[PDB]
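S.K.: Here it is, the structure, as structure tokens.
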Amino acid sequence: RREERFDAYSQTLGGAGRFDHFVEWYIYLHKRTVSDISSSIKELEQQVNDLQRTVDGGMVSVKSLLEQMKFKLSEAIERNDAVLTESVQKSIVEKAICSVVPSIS
Amino acid sequence: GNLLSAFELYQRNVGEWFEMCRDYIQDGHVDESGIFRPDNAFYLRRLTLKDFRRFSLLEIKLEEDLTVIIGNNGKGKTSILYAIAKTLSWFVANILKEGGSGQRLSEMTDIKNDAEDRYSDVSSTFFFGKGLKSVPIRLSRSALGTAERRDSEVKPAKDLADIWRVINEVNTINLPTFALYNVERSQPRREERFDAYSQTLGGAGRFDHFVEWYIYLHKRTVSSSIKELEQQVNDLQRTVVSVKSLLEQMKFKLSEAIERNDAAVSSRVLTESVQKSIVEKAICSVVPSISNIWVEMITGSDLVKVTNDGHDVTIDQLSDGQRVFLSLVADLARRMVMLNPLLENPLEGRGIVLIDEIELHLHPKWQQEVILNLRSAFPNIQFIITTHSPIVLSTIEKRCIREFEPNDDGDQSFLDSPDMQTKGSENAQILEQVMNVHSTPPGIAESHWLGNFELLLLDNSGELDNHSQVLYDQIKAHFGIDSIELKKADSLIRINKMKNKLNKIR
Amino acid sequence: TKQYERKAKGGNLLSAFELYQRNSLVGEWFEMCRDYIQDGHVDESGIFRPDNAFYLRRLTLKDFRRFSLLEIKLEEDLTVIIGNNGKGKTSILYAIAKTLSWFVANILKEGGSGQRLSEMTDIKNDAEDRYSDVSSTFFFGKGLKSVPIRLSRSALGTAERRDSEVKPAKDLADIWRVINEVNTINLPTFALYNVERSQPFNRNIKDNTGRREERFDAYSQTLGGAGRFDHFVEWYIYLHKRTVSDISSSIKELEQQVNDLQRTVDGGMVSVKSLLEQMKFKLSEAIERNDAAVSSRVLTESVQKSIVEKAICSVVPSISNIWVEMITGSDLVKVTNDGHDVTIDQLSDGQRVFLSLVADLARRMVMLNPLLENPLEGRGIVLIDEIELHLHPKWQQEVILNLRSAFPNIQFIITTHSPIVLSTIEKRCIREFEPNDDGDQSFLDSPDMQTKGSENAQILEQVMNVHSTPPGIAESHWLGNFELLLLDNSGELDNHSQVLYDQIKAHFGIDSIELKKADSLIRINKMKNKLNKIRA
Amino acid sequence: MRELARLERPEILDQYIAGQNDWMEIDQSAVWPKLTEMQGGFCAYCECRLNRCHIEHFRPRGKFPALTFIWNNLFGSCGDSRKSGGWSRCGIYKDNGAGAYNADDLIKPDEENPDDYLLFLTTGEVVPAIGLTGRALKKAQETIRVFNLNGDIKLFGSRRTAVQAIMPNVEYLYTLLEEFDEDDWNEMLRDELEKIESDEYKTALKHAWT
Ligand SMILES: Nc1ncnc2c1ncn2[C@@H]1O[C@H](COP(=O)(O)OP(=O)(O)O)[C@@H](O)[C@H]1O
Ligand SMILES: [Zn+2]
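First to last, the protein sequences are chains B, E, D and G.
Letter by letter, the first sequence follows residues 221 to 302, 308 to 330 in the authors' numbering.
Letter by letter, the second sequence follows residues 12 to 24, 36 to 210, 221 to 255, 259 to 275, 280 to 545 in the authors' numbering.
Letter by letter, the third sequence follows residues 2 to 25, 35 to 546 in the authors' numbering.
Letter by letter, the fourth sequence follows residues 1 to 210 in the authors' numbering.
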């Protein structure tokens, strides 16, 4: 299992790393972060807020999308509300990669 | 209302004849039960086998809805299904491609080993409404090293398949489903309409394919004019960090809409959301003890979950029997949805489905349920199935059953229905009357003790002598004090004592 | 020492062997070990019975897969595991197979390793102790009443390692290996037949390198789950070729060629000396192989052939004969199936799969038991998953009896969901596997009802919890409803009871069991009522 | 198997003579009504209800061509010779399946009472009667073998089931012996034994009752 802590020692001195294990682990982290409703609520709240600002700025074409997202947010809030360590882990790694690898933002 | 004549006139020339052909294929009605019924049904009516494998000559008439073939090991039940599948391969090949070639009989294995005339024939007659009452096809093969080769006669199959192909090319129509599910089902680019015919007559109904497909459909259906969508994409692009995920989703939706718009009539298809829903309902309707199926991603892996007997479990917690059956139904439903886009319920489409050993890996409990709902879910499919299970036969009408006699030397001309009604009958009766098996094992000594006990009672004028007492004690010791066998013995004692008393009161 | 001498003279096998190893009275101790393994008697039925039987007595699973703790006692002859939950039944057979791998490895090679438990799949997910154990106890006569083996595995990063304890199994396997090396003995057969055994037949059969003739090829892939029916076919064709050929004719021909070549070298043709030396080497090798074959105390190829043919024909009902045809310069195995001569690839799937099982097992037994009059009376443990796979009811009624007749000293551990199979087995041999929702169970129960010789309808209801009639069919309830209506109307046919009677008659027919039962009910209730009126 | 009462020689058998005529010539529908009057629409040997049926020569036309249009030789057996399917008892089995037999070592049910030789156990096996030796035993043994009266599973099962259905009614009658007077109880048993003339496997049911 890629989320098991001692998997960090798996083929660690083999010479190539395990970039395949990274990708699997990162997708895992993503799925867990998406699935927790509060971050999804926070993300949805942020999306609703961004869409509301666009509608207030004169773009009447996105009003239908705002109403859909507001409904999704209300539903998410209604569904049983509970910070994920998985979300933080994901952020740390993303920042490391972006800081060290020049071409990747 | 001759379909071939109408089509020939269409090919030579024009709108009227096209419409007549299209209406012949597409017209139907909804019956009193709310089920769509095609006006022109398509099914296999008759099959004849000559010097094929074990059969010197065999003729079978099939039911429009369900035919169940039963017999001992090596009676040729699988041979029959193989013969049909090879015939059906000619329809599939010609629906896909003009002048496509179907499969052929093996010169090494399929000719009967002691056939004096060294060739084999598989003759099938299909029905397609009153306009086309008889579509005869013959597959033939001569043995290896014979001077004279015998020709297969496949033009009628090609002609009919041509009508489906050509009419579909001009205007989308519903197409027939052909599938074979053999015993191998148990062994461990975007989607396009005619993928429904890929590996339909061998390789179908594998669990891993389902799971992969199902998860894929779920991911796509997690979260509508092109111009409106183009405008929304443009507006979202101008706004673009938190809205980037939404932009990518909308770009995908736009691309899909353009693709659907660009895609041809001949490949036109139901939305992924609808497809998913139909398959889910099919599974839950057909499969014993599954009430719900869904994809979770909350633990971090993609898991298919099911509600099995009221408990939510992972699909890997299902028995192998349930997995194999789930896979069969899911596969069939998938193909039906792809081939019947114009129907309100795509599972009410036409077709012929062959299933070998339907009870494969099923516990008796589920054997009692499997056929019940299959015909309700797929009302216009002709099912031809093989089984060894009296439990399965207890759910089926005798008219659907075709039995090989136990002493069949492979010369017999017909397969026939059993004399007893099987539907609703006791399994012990089906075993003896239909499957020619004793309800108790004759090779076990204890199976004869009650008979022997009775004979001893009758030899000693009904009185329990030393010998009868010993055997009684053996019965009691072996079967137990509460056993049906002991109760029968007790009954025999009581009756015989009373009979003897009467005899003495002369 | 004197203590070992006393225990050895008392009949302790390990003590006798230790004395043998240290002194290598060395001949006496060797003979004692050999006699312990080889001694047996022919019983009243004419069947050879080893004095010292070998079988698995007990199995315990701790934090293994779904099981927190599970204990199973096994029968010396036949144990059948039943239950709906088929992914647990298979786990039990897998656990046994891994344990048996340790015997096989050590019979083949000193310090051979069997199979380990997986850290990923074999440890229960919510195990507090984060390790798994598979503990087995074997029996080998009164001299060795308990041979314990434990396979263990701990999770990564635990503070203590949990190692396997396998020395007793290795010690026993070493006795078999070492004694056999000195003087040929009979060896135990271990085999696993999973649902994998149902696989299609590759017809195009491979060139005999000559691994198949080696005695310990009998242990090749023996616990892999499929058997090796391909290996059987190769071996069987090989046996045929050797039977048609003369023995040492190649040696005689080679002897003649070496004699002719020797005459040429004596006649002054020194250029052919290199060829003579090569041919002399070939002759010596052929003699050695012949001598080794002679030294290996093996049965003649003709006899081996006969044994296997008889076994197959006895166990597999549809097969009356099996033979090798030499036609179109390619050897084919043919069978007489249901009175007709066919190739193996022409057999039905049910027949082929079962043939494959029996053929494989028989081949291995013949190879491992060369000193027995009937090699199929050898010792061993055989595991079979889903024995009813592809079998009609008629075969289900005979399969266990046929297997036990052909292999009378094998311990069979099998799984089934067939009531028909259960009707041929004693309740003591049956173990029922009803887990909780979490999969866990502590003990496996024998059923309360005796199954052997019982009606299949009773086994369905009493053991498998399935009704005699399908509950989802209305007609299945009509006779019950009819009885209820009779009882409600003081045993007179009212309009409602008559309608239902007519429906029963119309649906099931005039000579149906159902109608006869209805008629019986009418007649008995009429007679009860007449009695009641007489009393009034 | 029942004791049969043959009486009337039918008209059409006088016209055809053996040697000159062949059996296939005859109108078989002329023969049936008197066999149906004799046997009561049941088989001669097993006592099934007839639906697939044929005219059976007790001594066969191959072995005994003189006995061909003789009224004593004819019986209504179950099963159909023509139909594309196996039948494995009674007439068809005697000829095909049974193989070698002496015709003198069979119970002819019109000549003899079969109740002296055969016994039907309530388990639905037919056995030789209690206390037989020599020729009488050899008749009982061969009649069971040649008509296949236990080997046919369909027959064995059908008979066993028929009897098992009435064994509640048998046990309950013989309990009420105690309380009832003789003349009324004898009427009860006479009533039950009258009913089973309409029933299938009547001899096997008789032995359960008597
Ligand atoms: N070419 C052949 N000639 C004669 N018999 C054959 C030939 N091929 C197969 N058979 C016979 O056909 C039977 C296999 O038919 P199959 O359909 O597999 O049976 P099942 O009903 O058990 O599925 C076997 O009895 C086999 O001997
Ligand atoms: Zn009869």
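Yeah, the Cβ is synthetic: ideal placement off N, Cα and C, and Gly gets one too.
By Cβ distance below 8 Å, which residues in the same chain neighbour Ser208(D) in space, the five residues on each side in sequence not counted?
M.R.: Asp359, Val363, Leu399 and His400
S.K.: To be precise: take each residue of the stretch 462 to 493 of chain E, compare its Cβ to all Cβ atoms of chain G, and keep it if any distance is under 8 Å. Which residues remain?
M.R.: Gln468, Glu471, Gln472, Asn475, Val476, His477, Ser478, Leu489, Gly490 and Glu493
S.K.: Buried or exposed for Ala321(E), going by 16 or more other Cβ atoms inside 10 Å?
M.R.: By the neighbour-count definition (other C-beta atoms within 10 Å, threshold 16), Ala321(E) is a buried residue.
S.K.: Look at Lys99(D) and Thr425(D) and say whether their C-beta atoms are less than 7 Å apart.
M.R.: Judged by beta-carbon spacing, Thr425(D) lies within the 7 Å limit of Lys99(D), meaning their Cβ atoms are closer than that value.
S.K.: For my contact list, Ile117(E) and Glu387(E) are in at a C-beta cut-off of 8 Å; report their separation, rounded to the angstrom.
M.R.: Not confirmed; about 20 Å, so no contact.
S.K.: By DSSP, does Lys251(D) sit in helix, in strand, or in coil?
M.R.: helix
S.K.: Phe242(D) to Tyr229(D), Cα distance in whole Å?
M.R.: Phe242(D) and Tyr229(D) have their C-alpha atoms spaced approximately 13 Å apart.
S.K.: Output, in sequence order along the chain, the residues in the stretch 404 to 415 of chain D whose CB is closer than 9 Å to any CB in chain E.
M.R.: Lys404, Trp405, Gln406, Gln407, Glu408 and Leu411
S.K.: I need the residues with a C-beta less than 6 Å from some heavy atom of ligand 2; please give them in chain order.
M.R.: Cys43(G), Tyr45(G), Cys46(G), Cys48(G), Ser77(G), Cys78(G), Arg89(G) and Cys90(G)
S.K.: Does the distance between the C-beta of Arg76(E) and the nearest non-hydrogen atom of ligand 1 fall short of 6 Å?
M.R.: yes
S.K.: Measure the Cβ-Cβ separation of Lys108(D) and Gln125(D) and say whether it is below 7 Å.
M.R.: yes
S.K.: For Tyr203(D), report the span of its beta strand (DSSP E) as first-last.
M.R.: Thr199 to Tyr203 is the extent of the beta strand (DSSP E) around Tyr203(D).
S.K.: Which residues, in chain order, does the stretch 276 to 300 of chain B contribute to contact with chain D at a C-beta distance below 9 Å?
M.R.: Of all residues in the stretch 276 to 300 of chain B, none has a Cβ within less than 9 Å of some Cβ in chain D.
S.K.: Between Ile329(B) and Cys323(B), is the Cβ-Cβ spacing less than 7 Å?
M.R.: At the C-beta level, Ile329(B) and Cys323(B) come within 7 Å of one another.
S.K.: Tell me which residues share the same chain as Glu206(D) and place their Cβ nearer than 7 Å to its Cβ, disregarding the 5 neighbours each side in the sequence.
M.R.: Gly235 and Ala236
S.K.: Might you give, ordered along the chain, the residues of its own chain that have their beta carbon closer than 7 Å to the beta carbon of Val282(E), omitting 5 neighbours on each side?
M.R.: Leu271
S.K.: Between the alpha carbons of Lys10(D) and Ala17(D), how many angstroms are there, rounded?
M.R.: 8 Å
S.K.: What does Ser146(D) pair with, by DSSP beta-bridge criteria?
M.R.: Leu69(D) and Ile159(D)
S.K.: Return the first residue and the last residue of the beta strand (DSSP E) that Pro128(G) is part of.
M.R.: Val126 to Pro128
S.K.: Could you give the DSSP three-state label for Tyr246(B): helix, strand or coil?
M.R.: helix
S.K.: For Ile196(G), does the three-state DSSP call read helix, strand or coil?
M.R.: coil
S.K.: Quick one: does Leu497(E) have its CB under 7 Å from some CB of chain G?
M.R.: yes
S.K.: Can you tell me whether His427(E) sits near ligand 1, meaning its C-beta is under 6 Å from at least one heavy atom of the ligand?
M.R.: For ligand 1, not one heavy atom lies less than 6 Å from the Cβ of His427(E).
S.K.: Note down, in chain order, every chain E residue with its Cβ under 8 Å from the Cβ of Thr274(B).
M.R.: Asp270 and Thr274
S.K.: In whole angstroms, give me the CA-to-CA distance for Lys154(G) and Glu471(E).
M.R.: 6 Å
S.K.: Are the CB atoms of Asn95(E) and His427(D) within a distance shorter than 7 Å?
M.R.: no
S.K.: Judging by CA-CA distance, which residue of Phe422(D), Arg438(D), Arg225(D) and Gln407(D) is the nearest neighbour of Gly482(E)?
M.R.: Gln407(D)
S.K.: Check whether chain D comes within 7 Å of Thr131(E), counting only Cβ atoms and requiring the distance to be less than that.
M.R.: Chain D, which has a Cβ nearer than 7 Å to the Cβ of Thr131(E), makes this yes.
S.K.: If we cut at 7 Å on Cβ distances, does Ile317(D) have a partner in chain G?
M.R.: no
S.K.: Would you decide whether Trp333(E) is buried or exposed? Buried here means 16 or more other CB atoms lie within 10 Å of its CB.
M.R.: Per the 10 Å Cβ criterion, exposed.
S.K.: State yes or no: is the C-beta of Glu125(G) within less than 7 Å of the C-beta of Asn96(G)?
M.R.: no
S.K.: In chain order, what residues of the same chain have a beta carbon less than 8 Å from the beta carbon of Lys462(D), not counting five sequence neighbours either side?
M.R.: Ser433, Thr434, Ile435, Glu436 and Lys437
S.K.: Could you work out which residue in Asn51(G), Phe180(G) and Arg190(G) is closest to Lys543(D) when comparing CA atoms only?
M.R.: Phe180(G)
S.K.: Would the stretch 342 to 355 of chain D and the stretch 274 to 292 of chain D be scored as touching if the rule is three or more Cβ pairs under 8 Å?
M.R.: no
S.K.: Around the C-beta of residue 26(D), are 16 or more other C-beta atoms found within 10 angstroms, so that it is buried, or is it exposed?
M.R.: You won't find residue 26(D) in this model, because chain D goes from 25 right to 35.
S.K.: Hey, which unbroken runs of the beta strand (DSSP E) at 3 residues or more fall wholly within the stretch 435 to 479 of chain D?
M.R.: 440 to 442
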